[PDB]
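Two forms, one chain: they're shown below as structure tokens, one block per form, named structure 1 and structure 2.
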Structure 1
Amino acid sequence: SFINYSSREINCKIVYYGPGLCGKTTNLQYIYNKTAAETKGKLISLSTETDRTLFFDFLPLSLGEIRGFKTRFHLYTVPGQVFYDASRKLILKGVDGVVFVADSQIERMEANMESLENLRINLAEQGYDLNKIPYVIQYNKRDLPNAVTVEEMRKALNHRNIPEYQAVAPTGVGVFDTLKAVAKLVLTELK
């Protein structure tokens, strides 16, 4: 979404979205911890009285070039409990790709559906269509005993059959598979 014509880099924004405490910070921290130090910037936590943000950027060395430009990935999330919907509206500004992180716990299903509809509403207000943008869903907390089946989560949250990944974010299970999937969809859009 942002071209740096001098440093010859395409900057793209990947937003991790989902209900409070679903595992968005965990995904970003795990990715950050496993990313080579020379390819990434700092892990930045931003806080105000009203809102919170967690983000970082990285330039993967493995990737080629799109018309002589290298692609830099910026991973953004609104962590924890959200008190103002404005922060979820702000996080989506200039989004290139979205990872919806669903909390697999039975007690968080209503929250997952509320957040997924909130994502659709906030994207539409900015001229983005959730059915057309690079978008992947992660069924997080697969380790917990109170987790709903993959079939129940698919039926409730993935009617359009978009890429889905089962994860246990603290151990990194499914974390890089979710990231690689949305990043590939973003690169295809850029090409």
Structure 2
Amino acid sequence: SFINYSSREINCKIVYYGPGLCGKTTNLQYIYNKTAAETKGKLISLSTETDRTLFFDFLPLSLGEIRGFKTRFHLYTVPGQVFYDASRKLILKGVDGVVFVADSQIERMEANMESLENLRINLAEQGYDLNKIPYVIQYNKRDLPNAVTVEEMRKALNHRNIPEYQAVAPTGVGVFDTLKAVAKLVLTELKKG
């Protein structure tokens, strides 16, 4: 997190992680579209011929102050192509909370398992433990007929039983529950050491 003493703001970064086409862009799009226009900044997409990154920040107009400071949240997706790992590392630097978006399709489970490990390693490179930091997992695409049961997705992707949420991101099911969960964990950490 970054404390700005001029604007009296605690800036926090939340990174949506996961394999290609799992639903990160959709999560951030739905969050942005439902956020009050006076509290959010510009939604910015950085695209190439093969990949993209989406990010924006907002000031939750609910949400009390912490020692006089208001909290600003910056949401980032991560690129999905194998050759942008450096970018992913750069986006994870200084992360405060992480959401892992899992594609519940059986044909993507292996992909999920890869991305998860890629998250772990990357955090471990910067000195942090995925099990110790604010972190929730989202089982997305529950509407699809090839969606894996929650118990098997948990056996594969959430063996230490961190908070998990089921979602159909295009319609908005589970999106704001996930966001609220990871934001609550981040704020609890902010009110401590």
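Shifts are known only where both forms have a C-alpha. If you superpose the two forms and keep the largest set of C-alpha atoms that fall within 1.5 Å, you have the rigid core. When a residue number appears, read it as a position in the sequence of structure 1, where counting begins at 1.
Looking at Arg154, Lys40, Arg142, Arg52 after a core superposition between the two structures, you find that only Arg52 has a C-alpha shift of 2 Å or more.
Core-superposed comparison between the two structures: the C-alpha position of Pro79 differs by no less than 2 Å. After superposition on the rigid core, the Cα atom of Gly127 is displaced by 1.1 Å between the two structures. 47-52, 79-84 are the runs of three or more consecutive shared residues whose C-alphas all shift by 2 Å or more between the two structures after the rigid core is superposed.
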